Amino acid sequence: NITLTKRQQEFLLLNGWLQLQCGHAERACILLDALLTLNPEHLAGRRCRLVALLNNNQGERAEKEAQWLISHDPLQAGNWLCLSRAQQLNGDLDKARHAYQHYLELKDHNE
Amino acid sequence: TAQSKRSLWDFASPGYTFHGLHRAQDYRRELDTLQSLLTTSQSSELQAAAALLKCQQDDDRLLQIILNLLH
C-alpha cells in the first residue's frame, strides 16, 4: 500500500497546476488523478482537476466532481461556479443558471 | 464570461508554489523518489504517472547534452 508524504502530495499538485498553465491538460490530469487516487480528500487537487476536466472537455466528469466538492462544503461559492460551467458545457443550460445563482448568493462580492 | 473564467482559474489555483531553501535539490529528490514509489503500484493510473515522471527525468538529460554541445 502506497502513502504519499505531504511533500509528495505537494509535488503532484503543483506540477499538475503548472502543467495545466502550460496547456498540457493531459499531463495535469494524469498527475492529479494519481494524487487523488491516493489522497481522495485533497481538496486543492480536486479543484485543480475539476478545472482541468473543464479544459480537457470532460464535462460530465466535471459535473460529478463539482457535486463531490459541494457536498464537502456547500457554502463555498467557487464550487457552484464550477457546477454551472460543467452543466453549460454538458448542454443543461437551465440547470447551469440555477447553479450560477447559487454562486452569486454565496460569493464574496468584494473580490 | 471572461470574468467567470478568471474566477475559475483563481479557484483552481492552489495559491502557492514550490518553497524552501533548496527547492532545486528538493524537486529532483521528490521527483526521483516519487517515480520509483509509484512504479511499484498495480494501478494503471499510478503507473502512467510514474512513466510520465520518468520520461521528463530522462528527456531533460537528453536536452542537457544538447545544451552542452551548443554551449
Side-chain angles (χ1 to χ4, degrees), chain A residues 1-62 65-66 69 78 82 85-86 89, chain B residues 2-71:
Chain A
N1 211 22
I2 296 180
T3 303
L4 296 181
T5 64
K6 290 177 182 175
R7 294 186 300 264
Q8 290 168 336
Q9 301 171 38
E10 180 185 77
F11 183 93
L12 291 174
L13 169 75
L14 294 182
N15 277 279
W17 166 243
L18 291 178
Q19 287 299 328
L20 182 58
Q21 303 175 253
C22 279
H24 298 283
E26 318 88 351
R27 304 178 185 262
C29 285
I30 287 184
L31 295 173
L32 297 171
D33 285 349
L35 167 61
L36 298 170
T37 297
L38 297 178
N39 293 77
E41 314 299 325
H42 197 294
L43 291 182
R46 291 264 187 179
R47 294 190 281 266
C48 200
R49 178 176 73 177
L50 173 41
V51 172
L53 287 174
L54 298 164
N55 297 339
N56 202 39
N57 285 336
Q58 297 179 231
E60 305 210 353
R61 285 218 60 208
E65 293 299 308
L69 286 170
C82 288
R85 177 54 184 170
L89 286 171
Chain B
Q3 179 198 3
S4 297
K5 299 179 183 178
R6 295 195 308 267
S7 299
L8 281 177
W9 280 103
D10 295 337
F11 191 62
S13 180
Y16 66 106
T17 190
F18 295 102
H19 50 93
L21 292 184
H22 307 268
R23 54 189 290 189
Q25 301 175 354
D26 290 337
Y27 185 96
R28 296 185 296 256
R29 177 175 297 100
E30 300 300 325
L31 167 70
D32 184 66
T33 299
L34 193 52
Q35 55 89 5
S36 63
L37 179 62
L38 301 184
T39 301
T40 72
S41 173
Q42 62 287 319
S43 162
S44 286
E45 192 110 56
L46 299 184
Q47 291 176 31
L52 168 62
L53 298 174
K54 290 188 184 184
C55 284
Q56 79 180 28
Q57 185 183 49
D58 297 328
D59 281 3
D60 297 339
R61 195 181 195 92
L62 182 59
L63 302 172
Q64 184 63 54
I65 305 176
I66 299 173
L67 278 173
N68 302 341
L69 297 170
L70 288 172
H71 301 271

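Each chain gets a letter, A, B and so on, in the order its sequence line appears, and its residues count up from 1.
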Next on the checklist: Quick one, A:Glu10 and B:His19 - any side-chain contact, counting heavy atoms below 4.5 Å?
Outcome noted: yes
Item to check | Distance in Å, A:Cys48 SG paired with A:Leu12 CG, rounded so as to fall on 0.5 Å steps | outcome: 11.5 Å
Item to check | Which residues share a salt bridge (charged side-chain N to carboxylate O under 4.0 Å, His left out) with B:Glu30, sequence neighbours left out | outcome: A:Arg7
Checklist outcome for this item: Between B:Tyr16 and A:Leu13 the two heavy atoms that sit nearest each other are OH-CD2, 3.5 Å
Checklist outcome for this item: Sorted by chain and residue number, the side-chain contact (heavy atoms from CB on, under 4.5 Å) partners of B:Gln25 (sequence neighbours excluded) come out as B:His22, B:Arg28, B:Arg29
Item to check | Mutual orientation of the aromatic rings belonging to B:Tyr27 and A:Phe11 [parallel < 30°, tilted 30-60°, perpendicular > 60°] | outcome: tilted
Item to check | A:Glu60 atom CD, neighbour heavy-atom count above 12 within 6.0 Å | outcome: no
Checklist entry - Could you state the interatomic distance from CD (A:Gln9) to CG (A:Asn39), rounded to the nearest 0.5 Å? => result 4.0 Å
Item to check | Test item: A:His24 side-chain N/O and A:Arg27 main-chain N/O as donor-acceptor pair under 3.5 Å | outcome: no
Checklist entry - Roughly how far, to the nearest 0.5 Å, is the CD1 atom of A:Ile2 from the OG1 atom of B:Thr40? => result 4.0 Å
Checklist entry - Of the non-hydrogen atoms in A:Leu35 and A:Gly45, which two are nearest, and what is the gap between them? => result CD2-CA, 4.2 Å
Which atom pairs, one a donor and one an acceptor, fall under 3.5 Å between side chains of residues 51-59 of chain A and the rest of the protein, sequence neighbours left out?
from    : atom 1 : to      : atom 2 : distance (Å)
A:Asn55 : ND2    : A:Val51 : O      : 3.3
A:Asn56 : ND2    : A:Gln58 : OE1    : 2.8

Item to check | Closest non-hydrogen atom pair, B:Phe11 against A:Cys82 | outcome: CD2-SG, 3.6 Å
Item to check | Any donor-acceptor pair under 3.5 Å from B:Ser13 side chain to B:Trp9 backbone | outcome: no
Next on the checklist: Between A:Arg46 (side chain only) and A:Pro40 (backbone N and O only), is there a donor and an acceptor less than 3.5 Å apart?
Outcome noted: yes
Item to check | Nearest-0.5 Å distance that lies between atom CG in A:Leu50 and atom CG in A:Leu36 | outcome: 10.5 Å
Checklist entry - Is the CG atom of B:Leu21 crowded by more than 12 outside heavy atoms at less than 6.0 Å? => result no
Item to check | Of all pairs that satisfy side-chain hydrogen bond (donor to acceptor under 3.5 Å, both in side chains), the ones with a partner from residues 62-71 of chain B, not counting sequence neighbours | outcome: B:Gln64-B:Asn68
Next on the checklist: Tell me which pairs pass salt bridge (charged side-chain N to carboxylate O under 4.0 Å, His left out) where either residue lies in residues 48-65 of chain B, with sequence neighbours left out.
Outcome noted: none
Next on the checklist: I'd like to check the salt bridge (charged side-chain N to carboxylate O under 4.0 Å, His left out) partners of A:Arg47; sequence neighbours left out, ordered by chain and number.
Outcome noted: none
Checklist entry - For A:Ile30 and A:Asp33, what are the C-alpha separation, side-chain angles and deciding distance, and is it a side chain to side chain contact (heavy atoms under 4.5 Å, CB included)? => result CA-CA 5 Å; A:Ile30 287 184; A:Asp33 285 349; 5.8 Å; no
Next on the checklist: Please give me the minimum heavy-atom distance between B:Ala49 and B:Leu38, naming the atom from each residue.
Outcome noted: CB-CD1, 4.0 Å
Next on the checklist: Nearest 0.5 angstrom please: A:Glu26 CD to A:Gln19 CD, how far?
Outcome noted: 9.5 Å
Checklist entry - Just how far is it from atom CG of A:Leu32 to atom CD of B:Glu45, taken to the nearest 0.5 Å? => result 10.0 Å
